[PDB]
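In the structure tokens that follow, the same protein chain appears in two forms, which are kept apart as structure 1 and structure 2.
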Structure 1
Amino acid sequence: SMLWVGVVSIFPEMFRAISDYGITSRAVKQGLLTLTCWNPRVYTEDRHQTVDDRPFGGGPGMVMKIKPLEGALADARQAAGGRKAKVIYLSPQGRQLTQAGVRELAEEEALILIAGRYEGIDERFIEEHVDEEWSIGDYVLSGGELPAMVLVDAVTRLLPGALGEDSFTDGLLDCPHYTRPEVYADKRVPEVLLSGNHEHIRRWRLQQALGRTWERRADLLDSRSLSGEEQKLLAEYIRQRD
């Protein structure tokens, strides 16, 4: 009800990974998320339910047939009802998904996600019916199923009351985490977390985040508008390190 998601995929059973597990499964139960699949294989003319077709110009692999995708997409737009649905094609050619992109995506009421397969889908189908293209990263997968689930998972986290700051909220990585025992195999939990002083635990965590962000991902800080307080904790972290 909060967000309606329709997935066009030839492996709808893969979506059990999000329908049966975690925040996405909980969001469905809580009525915040509606999840549906539209299998191009159901929209075929032949006895073996063929969705691929050879490519023009030669080259290796196969390409997805326009008609079976169009078939599955038409029914999905119909099932969206009167919701303003954004048609996304999962692709390595798309806008790289980042937390800022996830927030944008979380404002939508309806999403139709097209999961490609093989060498990909016909460019004319993209030109005709695809509102936007999104990539989950600079690597190549065998289908759009895992990317579509990554996108759904990330967005659902921002759905009010689904969870029950993050690693990319305010261009800063996350702090380390400690739990029982107090000491495990001669390795002990930092004293600052054993003390009970909220301001001291916040100060340390915020420094440890700034510290890891500068160590591993200095690029996330160039974009960042670091405060006078954050500029002191990062400086302290840098100079007090071997």
Structure 2
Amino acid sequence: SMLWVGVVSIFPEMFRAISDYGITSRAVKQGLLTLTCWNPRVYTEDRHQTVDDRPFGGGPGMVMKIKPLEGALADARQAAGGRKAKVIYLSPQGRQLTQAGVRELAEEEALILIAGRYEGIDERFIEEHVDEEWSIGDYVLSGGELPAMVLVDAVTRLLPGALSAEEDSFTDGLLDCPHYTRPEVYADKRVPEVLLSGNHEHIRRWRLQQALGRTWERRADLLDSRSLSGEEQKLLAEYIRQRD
């Protein structure tokens, strides 16, 4: 396989959402992706120990112990074999996931994703064993399982033969253009005429202007980090004066 992924989670069977459905399922079948789970409860000191314990200093919730996690990671590294496995902890305190980040992660041989639960995992585990911390965004979820599946799904799309990933939002810093399909007219709304009767340069130009315009209206910060050209400044100026 092109990419080996090992997931450290207390709910391995949640990962059926990506292993049984979509591109990730197809990539596993096609052999582009190997997906494996490692339950920390199977690695406790003895069968009478929980993965979690009480936080030192008080406060709400439970914290995940270092020993169950350290066991699961050791066993997962062993299964990675000769691959250079990057150990990622899914955390709201990590590097914000972006398409550029997804392209970087898609070049790795192996990835060991650590899906936290409760209030989090012990800092000494992160300090010792985690290579990088990643966030899917600025919000708090109950576990790192949906974030790990978000990472895996975004990365898998970029694997050769998995799917257009070179016609997307955040590829050239722009948002995508609108998409239209049959019928030509639906509920008093017709498909733009350029898509129906325009040539491949008219379509290329209308699609670029719509992408520029949508990015300007919704995600202005995206244009600040992406210096527009003279063609684009003209197409966007036209969009602004014509949006109504």
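Just so we're on the same page, rigid core means the largest C-alpha set that superposes within 1.5 Å between forms. When a residue number appears, read it as a position in the sequence of structure 1, where counting begins at 1.
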> Which is the one residue in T44, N39, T36, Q207 whose C-alpha moves 2 Å or more between the two structures, relative to the superposed rigid core?
Replying inline: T44
> Following alignment on the rigid core, what Cα displacement (Å) is computed for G196 between the two structures?
Replying inline: 4.7
>> Could you tell me the distance the CA of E229 travels between the two structures after a rigid core superposition, in angstrom?
In response: 2.1
> By how many angstrom is the Cα of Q99 displaced between the two structures when the rigid core is overlaid?
Replying inline: 0.5
